[PDB]
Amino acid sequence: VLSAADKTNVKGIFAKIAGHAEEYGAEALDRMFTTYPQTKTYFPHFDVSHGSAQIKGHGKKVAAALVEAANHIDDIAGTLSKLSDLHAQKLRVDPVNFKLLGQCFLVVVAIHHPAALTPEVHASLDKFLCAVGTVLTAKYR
């Protein structure tokens, strides 16, 4: 599912994104509500307005675990299963939105590192996102 060439591409883009997770995650999330107002249903006790406190304290964790998944990739499927419940059992997310967040996370990278996110690096992440995609929806498959 995720071979050598991938591992290198994925790790790469990351220590790039790294020290700005408190805004690469907030942006992403700030973009998935503003393109996709339906994902808002999962957030009805959230401050959704531009730049708010709850989104940046949040988004931080969407990479905080997005890169903890990066620097331990040999087993994504294990380190993230903790949430794969919160996602699969507790909140129950429709799998058709890991995408809508899959992407809005590549509309961030893109904006800030348009010359790193070459197609191949774009591929690995988008396949690693398909990694953090499936594991987080464990309870169904």
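A residue's number is simply how far along the shown sequence it sits, counting from 1.
Once the C-alpha B-factors are averaged per stretch, 107-115 and 39-47 rank with 39-47 first. Of the two stretches examined, 75-83 and 92-100, the record assigns the greater average C-alpha temperature factor to 75-83. Looking at the C-alpha B-factors along this chain, the one for residue 19 belongs to the middle third. The entry lists a Cα temperature factor for residue 123 that places it in the lowest third of the chain's modelled residues. The deposited CA B-factor of residue 132 belongs to the highest third of values across its chain.
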